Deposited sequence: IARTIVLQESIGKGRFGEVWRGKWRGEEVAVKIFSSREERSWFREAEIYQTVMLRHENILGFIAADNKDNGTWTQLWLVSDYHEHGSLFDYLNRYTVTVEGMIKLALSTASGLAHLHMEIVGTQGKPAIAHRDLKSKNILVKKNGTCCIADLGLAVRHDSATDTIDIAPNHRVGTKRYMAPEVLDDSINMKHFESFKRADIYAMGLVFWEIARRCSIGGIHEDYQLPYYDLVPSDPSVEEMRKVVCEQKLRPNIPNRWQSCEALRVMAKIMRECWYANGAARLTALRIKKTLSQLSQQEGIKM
């Protein structure tokens, strides 16, 4: 618990709160600390992570939510597993990946999203969940080369029985329908589809780093040469919705079977119409088969 955790190093900032590398009984763990005025964000994220049957190898492992009074003010804590590599963003900026490495990153990410999206029926049932803010900066890389999804604070949970959501993201990754406000937020399926579009962008970031024969593209965020670094909804909307542009597909990707499969998936994730996009499960299937080949 928070009572015996010692913070050692600042390792990042979340939408709200700061992330630290702490030690729990000698073991390294990750700690996200919120202020008293950020209680709703802290609570909502703790709520999502405590969803029944949520644990999965491709979802950040949640340890606990707690309060810690230092004598002057109260800190609101969330504790999880610690991954030295940090975000996929950091990973892709620092390294290049092999074909096998790329598939593992993409496959693990898709498996995590498919788990989130999938409703598990049963007495201890897991509701379908949509992320709403998927990006390379909140996907983490484990020591074994696989990814796990984090930052579930903006997630929404579905109630299949009544087809309603339990409650009422990053501009660059916002889906077309989100950018132009045409998305039907009363339809849970629309949130799932919007997540697919974002995963498509992430896949593009990974593929660029797939080095074959010492050849590869430099790391870049999707739309790096079409919009400013911290783009607004309008700037994104004009490019994605009006000009209808998507990340450029290097001709180099046509030389490798793996890259060809990855590219096809991306295209099928970027359709302006969410209903036309692939599902996380289908993507997982395709990547799983490619992995076997």
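Peer 1: As a test: can you identify every run of the deposited sequence that has no C-alpha position in this structure, in order?
Peer 2: Residues missing from the model, as numbered along the full deposited sequence, span 169-173, 299-303.
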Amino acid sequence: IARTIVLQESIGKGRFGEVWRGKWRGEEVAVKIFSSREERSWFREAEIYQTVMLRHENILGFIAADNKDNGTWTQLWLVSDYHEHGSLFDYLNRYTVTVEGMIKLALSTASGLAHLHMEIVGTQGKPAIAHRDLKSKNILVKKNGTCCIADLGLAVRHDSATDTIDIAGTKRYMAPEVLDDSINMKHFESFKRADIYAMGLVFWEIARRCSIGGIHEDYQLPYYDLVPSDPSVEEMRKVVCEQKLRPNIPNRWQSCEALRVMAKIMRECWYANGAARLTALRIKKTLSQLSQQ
From here on, numbers count along this sequence of modelled residues.
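Under this definition, the rigid core comprises the largest set of C-alpha atoms superposing within 1.5 Å between the forms.
Peer 1: What stretch shows more C-alpha movement in 4 other deposited structures of this protein relative to this form, 76-84 or 156-164, after the core is superposed?
Peer 2: Farther on average in 4 other deposited structures of this protein: 156-164.
Peer 1: Stretch 44-52 versus stretch 239-247: after rigid core alignment, which one is farther off in C-alpha RMS in 4 other deposited structures of this protein?
Peer 2: If we average over structures and residues in 4 other deposited structures of this protein, the farther stretch is 44-52.
Peer 1: Tell me which of 130-138 and 185-193 has the higher mean C-alpha B-factor in the deposited entry.
Peer 2: Higher of the two, by average CA B-factor, is 185-193.
Peer 1: Using only the Cα atoms and their B-factors as the entry lists them, report which of 34-42 and 229-237 averages higher.
Peer 2: For C-alpha atoms only, the mean B-factor is higher in 229-237.
Peer 1: Would you mind finding, among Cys256, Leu54, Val29, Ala64, the residue with the largest C-alpha temperature factor in the entry?
Peer 2: The listed residue with the largest C-alpha B-factor is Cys256.
Peer 1: By the CA temperature factor listed in this entry, which of these ranks top: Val156, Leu107, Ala198, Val99?
Peer 2: Of the candidates given, the C-alpha B-factor peaks at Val99.
Peer 1: Relative to the other modelled residues in the chain, which third contains the C-alpha temperature factor of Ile1: lowest, middle or highest?
Peer 2: Top third by C-alpha B-factor.
Peer 1: Check where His83 lands among this chain's C-alpha B-factors and tell me if it's the lowest, middle or highest third.
Peer 2: Lowest third - that is where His83 ends up once the chain's C-alpha B-factors are sorted.
Peer 1: Using only modelled residues of the chain, where does the Cα B factor of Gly213 rank: lowest third, middle third or highest third?
Peer 2: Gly213: CA B-factor falls in the highest third of its chain.
Peer 1: Ranking the modelled residues of this chain by C-alpha B-factor as given in the entry, is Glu177 in the lowest, middle or highest third?
Peer 2: Its C-alpha B-factor belongs to the middle third of this chain's values.
Peer 1: Would you mind ranking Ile120 by its C-alpha B-factor against the rest of the chain and naming the third, lowest, middle or highest?
Peer 2: CA B-factor rank for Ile120: highest third.
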